[PDB]
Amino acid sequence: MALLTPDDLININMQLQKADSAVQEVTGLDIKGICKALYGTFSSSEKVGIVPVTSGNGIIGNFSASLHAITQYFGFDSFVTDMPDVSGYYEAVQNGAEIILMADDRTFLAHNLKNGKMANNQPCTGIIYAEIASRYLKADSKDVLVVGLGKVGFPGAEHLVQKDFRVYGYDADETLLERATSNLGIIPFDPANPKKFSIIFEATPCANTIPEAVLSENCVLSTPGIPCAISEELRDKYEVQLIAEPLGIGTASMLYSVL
């Protein structure tokens, strides 16, 4: 388990703007366009109730405020409830929320009360970041390297397999790698025998997970992982096109998936 810190979420609007610019450079589409390609949906000022939750480690500084900003950015009529938890849920529904957005330490969900669709942050984040990686316009290859095969990584890899990409996967935990290979049919990546990729998807709570020998010039690294999968030095050396943002892209994926 690795949760967001208040420091991760400083100037969320600038982080989102930069991420959107990067996604547009890499794919030719903005985040809205990516969500449109994934789900066929667009926002129509749907009312979104954001409920703070005191469960477990409790309320995270900047979390609800960031969700407030993210939802407004994508054109939703969002609000944050005064009360937390069940009282907050009640408040949200009474105040006309169509979509409920809330998170404890284990689950971050979006529930559309109008159509009954419900999203989980983990697969939604994996899918969108993998989708963005795969749409790299100057890729020249359908080989994709997936580093990290957990809650976010596995559904990302699954998506890429469904989208007919040649998926190579690595996880430091042998069992997780074996599970991904036997359930998805991905190619197990051997770090001792590396090849260069133009498309990399990483979902790990660790730094320096992308070895130099894997990088090619101008390669895309699409990663929700925190901290950054690659050092500044390696990122600069190979002019890596980085898509990395702490909350907004995954939240967009959730919201557009329930429309």
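Rigid core (definition): largest C-alpha set, two forms, superposition within 1.5 Å. Residue positions are given as counts along the sequence shown, with the first one as 1.
Per-stretch RMS Cα distance to the displayed form in 8 other deposited structures of this protein, following rigid core alignment, is highest for 62-70 when 225-233 and 62-70 are compared. Compared with other PDB entries of the same protein, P52 is present in all of those that resolve the residues around it, none of them, let alone a third, dropping it. Looking at mean Cα B-factors across 225-233 and 32-40, the upper value is held by 225-233. Look at the mean CA B-factor for 150-158 and for 176-184 in the entry; the higher one is 176-184. Listed residues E131, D171, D77, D104 were ranked by CA B-factor as deposited; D171 comes out on top. As recorded in the entry, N57 carries the highest CA temperature factor of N62, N57, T27, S45. For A97, the recorded CA temperature factor ranks within the middle third of the chain's modelled residues. Compared with the other modelled residues of the chain, the Cα B-factor recorded for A252 ranks in the lowest third.
Ranked by Cα temperature factor within the chain, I210 sits in the highest third according to the deposited record. When all modelled residues of the chain are sorted by CA temperature factor, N115 is found within the middle third. Per-chain ranking of the deposited C-alpha B factor places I127 in the lowest third.
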